[PDB]
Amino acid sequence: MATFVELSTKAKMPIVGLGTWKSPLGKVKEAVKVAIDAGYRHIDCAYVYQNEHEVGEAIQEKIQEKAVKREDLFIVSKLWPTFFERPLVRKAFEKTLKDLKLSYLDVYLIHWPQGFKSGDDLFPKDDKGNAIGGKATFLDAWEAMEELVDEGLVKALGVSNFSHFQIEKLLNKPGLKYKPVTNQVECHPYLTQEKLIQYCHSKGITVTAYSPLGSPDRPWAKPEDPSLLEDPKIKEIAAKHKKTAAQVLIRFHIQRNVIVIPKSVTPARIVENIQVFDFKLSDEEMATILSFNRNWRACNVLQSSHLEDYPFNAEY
């Protein structure tokens, strides 16, 4: 059982959640089942992961067997950028809700600020693999998502992979009924997101950290790419508390009041990843970790720097 972070809607969002990116079918259902048993009350989902139907089976099992009540679960999913056109936001949202077997979501995020070519080709690209843009923007999608909140099919909306520039574009839209409650971005000691976090909090927006362990199993990894779990300075700090480097990397976010969503389908690691409320990193250990900032992204896979709202060019 965890601390939470309060949203501007006064809803309470569990500070540690289970990530499900790349969680295979046949493993993800058991993954969710172990996490809930382990005290995870927050599960992070997406249409684009193409496994929400199996996540929905697991959640439903545990509500059935009285292990957890819906009101105490905090379920998040994401709208993919080939569905920014208006009838498609509703259709994409309905498939997510149906696969998840839920009556409502706690938060619905814009997964990526750049519209891609509309439709169920989720990664439209040219011959060189560059993203094919669509004409609908994240503003068009937000307007459509706002309807879902009006209807009580979504408690709150948020953003993911937004720069402060694109949040400014959102917050400064005339006519906006709802603001985002969170901005979910990659964050870890190599990419500490200090300005963006300071920006989002100043605006009442929480931050959710994905890839907190450096997403080591990412298929596109180079052996030259730095590894956080094998980092001696991260390992020194883990040794001090007799915890794992992984436990240190998750706790780092908790002590910044940043929500963090480590992904696992391995039961022993799922449990390990939430045993982070019986120790504390010192201000000096925290400052050492923050010094490791390299401005290095493990996830920069969409070859899309050529379309309009690219988030990663900007300083923050």
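All residue numbers are counted from 1 along the displayed sequence.
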When mean C-alpha B-factors in the record are compared for 115-123 and 183-191, the larger belongs to 115-123
For 125-133 versus 159-167, entry-based mean Cα B-factors point to 125-133
Scanning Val89, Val154, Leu176, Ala245 for peak Cα temperature factor in the entry gives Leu176
The largest CA temperature factor among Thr82, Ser77, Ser103, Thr206 is found at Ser103
Quick tally, chain-level thirds of C-alpha B-factors: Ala67 sits in the highest
Of the three thirds of Cα B-factor ranks in this chain, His201 occupies the lowest
Quick tally, chain-level thirds of C-alpha B-factors: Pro24 sits in the highest
On the chain's distribution of Cα B-factors, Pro226 falls within the third called highest
On the chain's distribution of Cα B-factors, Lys95 falls within the third called lowest
